[PDB]
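Scroll down for the structure; my scribbles are underneath it.
So that the names make sense, note that chain A is the first sequence line, chain B the second, and so on, each numbered from 1. These values consider heavy atoms only, across backbone and side chains, with no hydrogens, waters or symmetry-generated copies.
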Amino acid sequence: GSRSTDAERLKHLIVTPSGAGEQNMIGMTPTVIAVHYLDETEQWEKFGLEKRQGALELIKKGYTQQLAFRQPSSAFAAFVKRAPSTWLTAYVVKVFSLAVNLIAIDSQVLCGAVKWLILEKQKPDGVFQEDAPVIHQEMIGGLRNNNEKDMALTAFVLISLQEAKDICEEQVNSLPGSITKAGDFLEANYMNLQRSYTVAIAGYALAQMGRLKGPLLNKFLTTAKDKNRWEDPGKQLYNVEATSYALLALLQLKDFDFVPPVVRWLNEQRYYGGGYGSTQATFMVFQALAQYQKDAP
Amino acid sequence: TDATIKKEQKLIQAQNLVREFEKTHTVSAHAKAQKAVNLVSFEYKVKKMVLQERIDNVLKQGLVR
């Protein structure tokens, strides 16, 4: 293991959630992930055990406010009368799934959104489509890029369904089949991918269902630059996000031989999240480092 | 009907971890209890509410490490 990221660098992540359906999740993200990370790396004592209760209170508040944007269909959008966003609904699932350890979360809200994604937004070939893009395009990170969108978004939604599986197993009968279909799609097109970002996110999605192996795994590993990062020419934030997805993949594969350089690069970026357009980078880097702190020998 | 046993087991797991949270008041115990409760089926909507209320109360008392 490597040294934990110092808790003091994270104090600005405890934020009050405000705004409508999208903005509320933008505010909820940092606080949920900060608490998640600090819990895993056990830094509350040497940082303010009582601050944690305040943070839990803000999470509670985000969760509650987000429910005001839950539409009759179980999907989410910035406003209740705006067409539901496939990405936002999947993102809500992703966040609430990680928060099941922190506050009370309604299974029917979570699985209702999972069920809706499967039943309404998945094509017969496994692809997940977005029919109503979110207003806040800066909050979806590297998925903002137009190339390999079907792959990138399908990997993203599949990741959310996989992280909700434990919670939704018993109540969403179609879940297992949907995960398989989306996997089939990622697998059949993985070798043709050109962007490091997609390689990394589809990589993690395939690794969770043990389908990242053989030539696909070789593609995933050789895409890395200097064996420590997944990057593309564009904003550095997408590279921090991509490398984090890649790290989660590696942890899923238990390839602890390749892990050290990647964690080192991430740590050397001194990226502590927060701010405009930092949602995916903030959530992902810390989910990745927390998983690392929890898994790595 | 193994599905009835799973749900019954989730319920026991929750009850046990919640009782344990009431005993140690740690962040670790809080997480296990909270997750466990969130996993109990709406079938036990009532004891789920009581278990959750029990969690909220331990949180009101305060955690210690």
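Linking ILVMFWY residues whenever their side-chain heavy atoms come closer than 4.5 Å, directly or via other members, places A/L67 and A/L98 in the same cluster. Under a hydrophobic clustering in which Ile, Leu, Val, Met, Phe, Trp and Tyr are joined whenever their side-chain heavy atoms come within less than 4.5 Å, directly or via other members, B/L17 and B/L51 fall into different clusters. A/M191 and A/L217 fall within the same hydrophobic cluster, defined by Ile, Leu, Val, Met, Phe, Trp and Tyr side-chain heavy atoms under 4.5 Å apart, directly or through other members. Note: the hydrophobic cluster containing A/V15 does not contain A/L10 (ILVMFWY, side chain heavy atoms under 4.5 Å, direct or indirect links). Following chains of ILVMFWY side-chain contacts shorter than 4.5 Å, one can reach A/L119 starting from A/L161, so the two form part of one hydrophobic cluster.
A distance of 8.0 Å separates CG of A/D6 from OH of A/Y272, quoted to the nearest 0.5 Å. Rounding to the nearest 0.5 Å gives a distance of 8.0 Å between CG of A/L102 and CD of B/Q34. Atom CD1 of A/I135 sits about 5.0 Å away from atom CZ of A/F79, to the nearest 0.5 Å. With rounding to the nearest 0.5 Å, the separation of CG in A/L117 from CD in A/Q122 is 9.0 Å. Distance CZ/A/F69 to CD/A/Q71: 10.5 Å, rounded to 0.5 Å. Residue A/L266 holds its CG atom at 11.5 Å from CZ of A/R229, rounded to the nearest 0.5 Å.
Ring orientation note: the planes of A/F258 and A/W230 are tilted relative to one another, at an angle of 30° to 60°. Under the 30°/60° scheme for interplanar angles, the aromatic rings of A/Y245 and A/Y197 are found to stand perpendicular.
Shown here is B/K32, whose NZ atom has no more than 12 heavy atoms of other residues, nucleotides or ligands within 6.0 Å. A 6.0 Å sphere centred on NZ of A/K219 holds more than 12 heavy atoms belonging to other residues, nucleotides or ligands. Crowding of B/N57 atom CG: a count of heavy atoms from other residues, nucleotides or ligands under 6.0 Å exceeding 12. Enclosure of atom NZ in A/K294 is not indicated, since only 12 or fewer non-hydrogen atoms of other residues, nucleotides or ligands lie within 6.0 angstrom. Within 6.0 Å of atom CG in A/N146, 12 or fewer heavy atoms from other residues, nucleotides or ligands are found, so the atom counts as exposed in its surroundings. In the displayed structure, B/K6 atom NZ is contacted under 6.0 Å by at most 12 heavy atoms of other residues, nucleotides or ligands.
In this structure, A/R211 and A/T180 have side chains that are in contact, with non-hydrogen atoms separated by less than 4.5 Å. In this structure the side chain of A/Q66 reaches within 4.5 angstrom of the side chain of A/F96, judged on heavy atoms. Contact check for A/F76 versus A/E22: no side-chain heavy atoms found under the 4.5 Å cut-off. Side-chain contact between A/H136 and A/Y276 is absent, with no heavy atoms from C-beta onward closer than 4.5 Å. In this structure the side chain of A/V92 never reaches within 4.5 angstrom of the side chain of A/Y63, judged on heavy atoms. Using a 4.5 Å heavy-atom threshold, the side chains of A/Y91 and A/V95 count as touching. Within the 4.5 Å cutoff, the side chain of A/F220 has no heavy atoms near those of the A/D255 side chain. Two residues are said to be in side-chain contact when any heavy atoms from C-beta on lie closer than 4.5 Å; A/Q108 and A/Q171 meet this criterion.
Between the side chains of A/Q236 and A/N239, a donor-acceptor pair is found at a separation under 3.5 Å. A/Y204 and A/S244 share no donor-acceptor pair across their side chains, judged by distance under 3.5 Å alone. A donor-acceptor contact closer than 3.5 angstrom links the side chains of A/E130 and A/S85. In the model, B/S41 has no side-chain atom that pairs as donor or acceptor with a side-chain atom of A/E170 under 3.5 Å. A/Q293 and A/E40 share no side-chain donor-acceptor pair at under 3.5 Å. Judged purely by distance below 3.5 Å, without hydrogens or angles, the side chains of A/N145 and A/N147 pair a donor atom with an acceptor atom. In the model, A/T198 has a side-chain atom that pairs as donor or acceptor with a side-chain atom of A/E148 under 3.5 Å. Side-chain contact annotation: B/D56 with B/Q52, donor-acceptor N/O pair under 3.5 Å present.
Between the side chain of A/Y190 and the backbone N or O of A/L206 there is no donor-acceptor pair closer than 3.5 Å. A donor-acceptor contact shorter than 3.5 Å links the side chain of A/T41 to the backbone of A/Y37. A donor-acceptor distance shorter than 3.5 angstrom exists from the side chain of A/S107 to the backbone of B/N38, with no hydrogens or angles considered. With A/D232 contributing its side chain and A/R195 its backbone, the two residues share no donor-acceptor pair below 3.5 Å. Formation of a donor-acceptor pair under 3.5 Å by the A/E169 side chain with backbone atoms of A/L175 is not found in this model. A/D166 places no side-chain N or O within donor-acceptor distance of the main-chain N or O of A/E163, the cut-off being under 3.5 Å. A donor-acceptor pair is defined here as one N or O able to donate and one able to accept, closer than 3.5 Å; such a pair exists between the side chain of B/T26 and the backbone of B/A29. Looking at A/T86, its side chain does come within 3.5 Å of a backbone N or O of A/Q129 through a donor-acceptor pair. Side-chain atoms of A/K115 come within 3.5 Å of backbone N or O of A/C111 as a donor-acceptor pair. Looking only at distances, no side-chain donor or acceptor of B/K47 sits under 3.5 Å from a matching main-chain atom of B/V40.
The cationic atom of B/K48 (NZ for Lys, CZ for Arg) lies less than 6.0 Å from the six-membered ring centre of B/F42 and within 45° of the ring axis.
Shortest non-hydrogen contact noted between A/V93 and A/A164 is CG1-CB, 3.6 Å. Closest approach of A/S97 to A/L110, counting heavy atoms only: OG-CD2, 3.8 Å. Residues A/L251 and A/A288 share a closest heavy-atom pair of CD1-O, 4.0 Å. Minimum interatomic distance between A/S160 and A/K94 (heavy atoms only, all atoms of both residues): OG-CB, 3.6 Å. The minimum heavy-atom distance linking A/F256 with A/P260 is given by the pair O-CD, 3.1 Å. Here the closest heavy-atom approach between residue A/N189 and residue A/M151 is recorded as CB-SD, 3.7 Å.
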Can you check side chain to side chain contact (heavy atoms under 4.5 Å, CB included) on A/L13 and A/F286, steps first, answer last? CA-CA 11 Å; A/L13 299 182; A/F286 288 111; 3.9 Å; yes

Evaluate side chain to side chain contact (heavy atoms under 4.5 Å, CB included) for A/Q65 paired with A/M28, printing each intermediate quantity in order. CA-CA 10 Å; A/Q65 291 172 168; A/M28 214 184 140; over 6 Å; no

A/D39 and A/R52: side chain to side chain contact (heavy atoms under 4.5 Å, CB included), yes or no, with the steps? CA-CA 9 Å; A/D39 276 6; A/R52 177 173 192 279; 2.9 Å; yes

Evaluation steps, side chain to side chain contact (heavy atoms under 4.5 Å, CB included), between A/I105 and A/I167: CA-CA 10 Å; A/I105 281 172; A/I167 313 292; over 6 Å; no

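Ion pair A/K254/A/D295 not flagged as a salt bridge, since none of the NZ, NE, NH1 or NH2 atoms sits closer than 4.0 Å to an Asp/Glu carboxylate oxygen. Using a 4.0 Å cut-off between charged side-chain N and carboxylate O, B/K7 and B/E43 make a salt bridge.
Screening A/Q280, A/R144, A/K235 against A/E138 for a side chain to side chain contact (heavy atoms under 4.5 Å, CB included) leaves a single residue, A/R144.
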